[PDB]
Amino acid sequence: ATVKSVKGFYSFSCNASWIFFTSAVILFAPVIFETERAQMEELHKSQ
Amino acid sequence: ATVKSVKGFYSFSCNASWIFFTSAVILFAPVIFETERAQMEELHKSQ
Amino acid sequence: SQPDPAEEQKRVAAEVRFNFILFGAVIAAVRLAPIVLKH
Amino acid sequence: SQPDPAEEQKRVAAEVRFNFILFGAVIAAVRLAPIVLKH
Amino acid sequence: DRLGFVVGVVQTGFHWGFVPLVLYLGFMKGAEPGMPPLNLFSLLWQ
Amino acid sequence: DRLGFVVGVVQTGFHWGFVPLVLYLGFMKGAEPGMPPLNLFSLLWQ
Amino acid sequence: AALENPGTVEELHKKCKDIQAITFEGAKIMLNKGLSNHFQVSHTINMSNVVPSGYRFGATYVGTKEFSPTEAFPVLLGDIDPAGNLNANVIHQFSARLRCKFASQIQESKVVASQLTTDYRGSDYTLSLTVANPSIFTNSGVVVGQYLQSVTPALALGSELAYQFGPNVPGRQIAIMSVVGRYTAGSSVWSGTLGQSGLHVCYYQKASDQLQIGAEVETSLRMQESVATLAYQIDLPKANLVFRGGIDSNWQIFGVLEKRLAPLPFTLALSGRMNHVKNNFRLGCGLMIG
Amino acid sequence: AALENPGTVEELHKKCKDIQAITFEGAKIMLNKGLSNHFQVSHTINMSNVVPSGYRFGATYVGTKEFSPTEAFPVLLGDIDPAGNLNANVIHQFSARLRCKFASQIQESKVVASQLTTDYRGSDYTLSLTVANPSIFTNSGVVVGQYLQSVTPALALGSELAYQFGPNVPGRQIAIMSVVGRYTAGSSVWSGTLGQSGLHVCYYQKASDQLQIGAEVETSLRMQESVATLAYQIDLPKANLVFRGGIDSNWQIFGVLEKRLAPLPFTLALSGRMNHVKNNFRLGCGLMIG
Amino acid sequence: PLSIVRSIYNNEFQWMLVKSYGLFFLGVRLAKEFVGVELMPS
Amino acid sequence: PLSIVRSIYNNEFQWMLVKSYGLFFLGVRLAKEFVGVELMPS
Ligand SMILES: CCCCCCCCCCCC(=O)OC[C@H](COP(=O)(O)OCC[N+](C)(C)C)OC(=O)CCCCCCCCCCC
Ligand SMILES: CCCCCCCCCCCC(=O)OC[C@H](COP(=O)(O)OCC[N+](C)(C)C)OC(=O)CCCCCCCCCCC
Ligand SMILES: CCCCCCCCCCCC(=O)OC[C@H](COP(=O)(O)OCC[N+](C)(C)C)OC(=O)CCCCCCCCCCC
Ligand SMILES: CCCCCCCCCCCC(=O)OC[C@H](COP(=O)(O)OCC[N+](C)(C)C)OC(=O)CCCCCCCCCCC
Ligand SMILES: CCCCCCCCCCCC(=O)OC[C@H](COP(=O)(O)OCC[N+](C)(C)C)OC(=O)CCCCCCCCCCC
Numbered sequence: 051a052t053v054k055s056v057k058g059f060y061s062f063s064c065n066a067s068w069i070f071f072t073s074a075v076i077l078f079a080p081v082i083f084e085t086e087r088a089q090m091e092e093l094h095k096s097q
Numbered sequence: 051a052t053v054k055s056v057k058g059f060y061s062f063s064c065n066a067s068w069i070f071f072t073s074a075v076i077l078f079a080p081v082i083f084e085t086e087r088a089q090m091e092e093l094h095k096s097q
Numbered sequence: 007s008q009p010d011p012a013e014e015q016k017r018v019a020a021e022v023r024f025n026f027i028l029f030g031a032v033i034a035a036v037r038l039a040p041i042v043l044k045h
Numbered sequence: 007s008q009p010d011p012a013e014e015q016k017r018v019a020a021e022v023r024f025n026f027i028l029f030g031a032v033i034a035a036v037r038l039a040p041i042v043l044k045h
Numbered sequence: 009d010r011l012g013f014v015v016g017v018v019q020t021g022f023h024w025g026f027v028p029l030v031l032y033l034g035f036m037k038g039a040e041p042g043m044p045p046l047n048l049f050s051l052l053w054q
Numbered sequence: 009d010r011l012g013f014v015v016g017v018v019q020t021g022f023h024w025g026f027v028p029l030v031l032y033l034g035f036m037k038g039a040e041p042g043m044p045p046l047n048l049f050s051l052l053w054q
Numbered sequence: 055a056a057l058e059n060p061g062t063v064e065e066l067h068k069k070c071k072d073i074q075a076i077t078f079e080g081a082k083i084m085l086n087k088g089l090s091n092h093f094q095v096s097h098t099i100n101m102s103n104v105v106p107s108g109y110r111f112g113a114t115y116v117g118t119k120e121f122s123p124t125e126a127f128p129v130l131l132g133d134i135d136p137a138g139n140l141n142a143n144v145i146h147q148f149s150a151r152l153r154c155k156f157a158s159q160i161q162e163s164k165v166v167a168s169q170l171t172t173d174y175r176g177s178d179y180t181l182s183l184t185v186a187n188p189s190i191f192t193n194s195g196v197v198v199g200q201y202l203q204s205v206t207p208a209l210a211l212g213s214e215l216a217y218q219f220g221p222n223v224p225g226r227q228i229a230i231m232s233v234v235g236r237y238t239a240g241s242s243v244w245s246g247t248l249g250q251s252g253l254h255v256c257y258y259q260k261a262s263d264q265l266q267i268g269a270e271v272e273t274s275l276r277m278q279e280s281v282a283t284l285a286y287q288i289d290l291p292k293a294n295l296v297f298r299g300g301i302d303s304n305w306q307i308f309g310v311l312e313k314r315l316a317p318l319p320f321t322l323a324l325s326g327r328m329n330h331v332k333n334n335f336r337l338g339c340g341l342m343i344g
Numbered sequence: 055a056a057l058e059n060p061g062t063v064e065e066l067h068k069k070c071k072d073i074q075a076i077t078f079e080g081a082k083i084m085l086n087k088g089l090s091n092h093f094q095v096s097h098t099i100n101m102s103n104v105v106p107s108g109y110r111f112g113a114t115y116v117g118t119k120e121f122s123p124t125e126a127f128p129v130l131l132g133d134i135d136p137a138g139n140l141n142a143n144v145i146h147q148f149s150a151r152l153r154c155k156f157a158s159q160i161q162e163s164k165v166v167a168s169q170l171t172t173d174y175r176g177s178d179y180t181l182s183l184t185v186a187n188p189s190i191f192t193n194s195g196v197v198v199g200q201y202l203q204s205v206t207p208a209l210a211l212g213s214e215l216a217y218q219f220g221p222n223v224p225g226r227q228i229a230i231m232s233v234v235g236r237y238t239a240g241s242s243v244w245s246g247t248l249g250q251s252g253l254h255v256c257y258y259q260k261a262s263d264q265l266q267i268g269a270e271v272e273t274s275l276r277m278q279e280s281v282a283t284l285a286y287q288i289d290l291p292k293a294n295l296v297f298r299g300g301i302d303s304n305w306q307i308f309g310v311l312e313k314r315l316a317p318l319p320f321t322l323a324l325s326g327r328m329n330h331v332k333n334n335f336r337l338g339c340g341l342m343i344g
Numbered sequence: 007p008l009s010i011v012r013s014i015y016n017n018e019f020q021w022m023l024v025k026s027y028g029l030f031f032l033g034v035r036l037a038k039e040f041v042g043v044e045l046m047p048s
Numbered sequence: 007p008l009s010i011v012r013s014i015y016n017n018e019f020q021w022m023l024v025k026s027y028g029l030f031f032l033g034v035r036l037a038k039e040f041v042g043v044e045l046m047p048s
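These protein sequence lines map, in sequence, to chains A, B, C, D, E, F, G, H, I and J.
Each residue of the first sequence is one higher than the one before, counting from 51 in the UniProt record's numbering.
Each residue of the second sequence is one higher than the one before, counting from 51 in the UniProt record's numbering.
Each residue of the third sequence is one higher than the one before, counting from 7 in the UniProt record's numbering.
Each residue of the fourth sequence is one higher than the one before, counting from 7 in the UniProt record's numbering.
Each residue of the fifth sequence is one higher than the one before, counting from 9 in the UniProt record's numbering.
Each residue of the sixth sequence is one higher than the one before, counting from 9 in the UniProt record's numbering.
Each residue of the seventh sequence is one higher than the one before, counting from 55 in the UniProt record's numbering.
Each residue of the eighth sequence is one higher than the one before, counting from 55 in the UniProt record's numbering.
Each residue of the ninth sequence is one higher than the one before, counting from 7 in the UniProt record's numbering.
Each residue of the tenth sequence is one higher than the one before, counting from 7 in the UniProt record's numbering.
Okay, structure coming up:
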């Protein structure tokens, strides 16, 4: 049942990563995307 | 039944305007919005 | 034989007036409180 | 008493081979067509 | 009943008349004194 | 059956190995000759 | 002495609801036209998979010669869909202190919800009375008394008594006294209310003009239900950007991006809510034109 | 004499499917990482309400010393989700002529669809053979022969014979011959096919680099079902914008924006489909990062 | 001819055909008119 | 103590309380740490 326990840990850690990365894509990522794009815009404008 | 006939025409005029304006908001309006905004940007840049 | 289970209903009414006097008393308390606190 | 309603099934097979020879014939036609059209 | 009728009447008058009332007070003021008149076309489109 | 087994085996090998195969041929070529090596972090981060 | 006016009890409970995001679903268009500084008209088109789609037409009138301040009362605002459902608000100033708000929602040709509110302002304190959803033919309806006094320049305390009568209330009449207070501590504005049933507490924390954070808890003592939220707002005029997003203690997570697209007064709003309990996600997008 | 190669029958049927928009639902994120000009890796996250929502991991390998041209064959491309559903494509060149494509989709741990296709490109003509969804243990499967010859520099004509065998086919074997052609005078390009059991016609028209218009009809003589579409594409590099939108003769209307956000290689995609028969709108938005 | 044309409109495939060939030829008429059109001209 | 703590986790309101007060106080800790934070600073 070691493999099944690894399938257990895998499916759990898969789901945990899913909830984390979908949440970040909502909460943080839109800020990161526009803040990065605005920073590169300022860089290219200042370059 | 004249009023009810006007309610008939009116509810038909709802559908016709609804289908037209929702369709335009999909098909044309995104082009109009970005084309207008780009033209105003070019105007302000050229002004 | 009972005319009405009024007692629970009137006790709720008694608590409603109790809420009113408590609402007033807390306003009276805070109306005194700044003097009491600065005194 | 019938062993099989084969006739409809074999007629479909006959039309399948008919489609094959028609497919070949149209290729043969277009293979000739530009000569016939310039001729 | 006097109120049985008048309440339904006055609420129907509010219900249909409020946007009429807002529009009326708007066209009463009109545009700014220097601006072109508020033709009803200004209700219909930009 | 010889094919009864071999077909299921070979399809299971394609099924699990194709992305392994693409990745392997990728790391076989690696980066461009002037670029830093393709550490497996290249599969995981920007 | 020389204390502030504390606001009003509803502004404490709303204190941290301003940064909490207001997600929407589907495609929404709004066109606003300013016909005068007294008169504005707005056309809004709502397309949604599950929200009832439709047009609604809005108009706003403000200001008369009676009212001096920049608030420019009265305010007379309402918007109606072609089906005839009306939302409208009325606001009035019986004096510079005593202020009144009225709001009513009509749908299905029926007044489904209404409230009338009175708000009175002293140098150190506020008192308000509200009546809502009245029956006109019967005693039934809702009443709320509210009181709030500044006690120290960093501290305010107050009181509230909601009341209801009639068949909507399980007892023929019910009321709930509840204390209220706010403590400023500079940035770290605490707020909350303690009821004979239920409790609510905001925490609010302005980090900077670019970042505002708050938290909530809610609790109910006869309903045995409680929730909380952690919510933040980002304001980035350097990026023509505002973002509101928060975690819910029922594990909804929401974010409502909005972009102003130019000096040309378009804004684009993107609304995302994920219900991580149901693995369900609801997207909305919409354009507002000023 | 010395005519163009006409392409292939699938390129005629696709001729106007390139400008037809491909709408999507919900929120989709894609990250592309170029590891080398031979090796690319892409991570895609799709949050969606009714469309199946999850992650899939993609990798692409191209190019070996055998293949000279800028096509840089072979191409060896596949992407897999954590549930183990694999999509993969293989493309090979026995020469410059006799190109080969292979594709297989595996889901539920099973090959659900696959096809193998050859292209022989013969100067003035093309010949192609496809086999698809083969049974390995049984004769059953799909076969398609296709032929297409340039007849005049403005005109091409050809032929097609699809075939199927086995229990998926109502007759033990069935095949359909169908003529094909294309005409290209001026800007306009006509295309279509006449079958024993159906008809399809594209009309296609470049107005300018900024605007491309096409139309379809489809018809079936044994299924008694027919549809049509009118679809257009706008390309506006000045606006960093492309838009595809079209009316369906079943009265769906669709529009799919894509906005490249910057020289920084984000593209936003905004997808709107409204089924005016059902008054039903499906929104999608997504970000591609290059 | 409403007694005639409705007999088509009432029947799914015949109406599907009329709709599909209608919108198709409308697209042909429109396209043959659009050939000169530009949206953000050079 | 899983025999104790699971007796909370298993019970809706007691768990709803723990969840709500937990995330709340986490927000208090985070907020008091965030007080210096700016994302695109002056
Ligand atoms: C089978 C072979 C798989 C090989 C995977 C190799 C890649 C490993 C990466 C983690 C994958 C994983 O674990 O992702 C797990 C989950 C998806 O889980 P799910 O069950 O589909 O969720 C849905 C649940 N359903 C199936 C029941 C419906 O996605 C993620 O969290 C997304 C990971 C994104 C990683 C982005 C990296 C780049 C960041 C750049 C800087 C911002
Ligand atoms: C380009 C820059 C300028 C653009 C200017 C745009 C102006 C607005 C265009 C219409 C927008 C739209 O979408 O209107 C759509 C509506 C109809 O929709 P509906 O009834 O909800 O359809 C769904 C049917 N339901 C709701 C039953 C499900 O049409 C109209 O009847 C309104 C036309 C405008 C008239 C304004 C006065 C309305 C008074 C109503 C009193 C009851
Ligand atoms: C919580 C959300 C999760 C989901 C993923 C979120 C991704 C975040 C993306 C951030 C950037 C952003 O929103 O940009 C949105 C962009 C803004 O940039 P721009 O257009 O280049 O203008 C700014 C120029 N700059 C980049 C050089 C500074 O405007 C648009 O697209 C405009 C779309 C107009 C049409 C609106 C829809 C109408 C109805 C539907 C029609 C089919
Ligand atoms: C804020 C930073 C710290 C985050 C710490 C998160 C710990 C999560 C522990 C879950 C315990 C739980 O709730 O487990 C039980 C839950 C479901 O039951 P329920 O939630 O009570 O729903 C029932 C509601 N009733 C009581 C009203 C009936 O399980 C699940 O399948 C859902 C788990 C979703 C987790 C989402 C995490 C989001 C993280 C975002 C990071 C950016
Ligand atoms: C600017 C973009 C405009 C878009 C207009 C969309 C209109 C949608 C109306 C749906 C009503 C409906 O229900 O349509 C479907 C029904 C007919 O099918 P049924 O009787 O229900 O049989 C069941 C369905 N079968 C037969 C497939 C099995 O009625 C109609 O076909 C009549 C609608 C005529 C619309 C004419 C529009 C002309 C547009 C010209 C410019 C291109």
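Every residue gets a Cβ at the ideal spot worked out from N, C-alpha and C, and that includes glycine.
Using a threshold of 6 Å, is the CB atom of residue i nearer than that to any non-hydrogen atom of ligand 5?
i, result
"F/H23", "no"
"H/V281", "no"
Just the C-alpha distance for residue i and residue j, rounded to the nearest angstrom, thanks.
i, j, result
"H/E279", "H/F111", "38 Å"
"I/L29", "H/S245", "17 Å"
"H/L57", "G/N100", "55 Å"
"J/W21", "G/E214", "29 Å"
Any heavy atom of ligand 3 closer than 6 Å to the beta-carbon of residue i?
i, result
"G/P319", "no"
Spatial neighbours of residue i within its chain, please: CB distance less than 6 Å, with the 5 preceding and 5 following residues excluded, ordered by chain position.
i, result
"G/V129", "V116 and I145"
"H/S274", "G252"
Quick one: residues in its chain with C-beta nearer than 8 Å to the C-beta of residue i, no 5 flanking neighbours on either side, listed in chain order?
i, result
"F/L46", "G34, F35, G38 and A39"
Heavy atom of ligand 4 less than 6 Å from the Cβ of residue i, yes or no?
i, result
"A/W68", "no"
Looking at ligand 2, does it come within less than 6 Å of residue i, judged from the CB to the closest heavy atom?
i, result
"H/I230", "no"
Give me the residue from the options with the minimum Cα distance to residue i.
i, options, result
"H/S251", "H/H67, H/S102, H/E65 and H/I228", "H/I228"
"G/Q266", "G/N59, G/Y217 and G/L290", "G/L290"
"H/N143", "F/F22, F/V17 and F/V15", "F/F22"
"G/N329", "A/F70, A/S55 and A/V53", "A/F70"
Identify the continuous beta strand (DSSP E) that holds residue i and give its terminal residues.
i, result
"G/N141", "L140 to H146"
"G/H330", "Careful: G/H330 lies outside any beta strand (DSSP E) and carries neither H nor E."
"G/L265", "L265 to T273"
"I/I10", "Note, I/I10: premise wrong, no beta strand (DSSP E); alpha helix (DSSP H) at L8 to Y15."
With respect to the alpha helix (DSSP H) encompassing residue i, which residues constitute its N-terminal and C-terminal limits?
i, result
"B/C64", "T52 to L77"
"C/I33", "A12 to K44"
Does the beta-carbon of residue i, which I'm using as the reference point, lie nearer than 6 Å to any heavy atom of ligand 1?
i, result
"H/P136", "yes"
Leaving out five residues before and five after residue i in sequence, what residues of the same chain have Cβ atoms less than 7 Å from its Cβ?
i, result
"I/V24", "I14"
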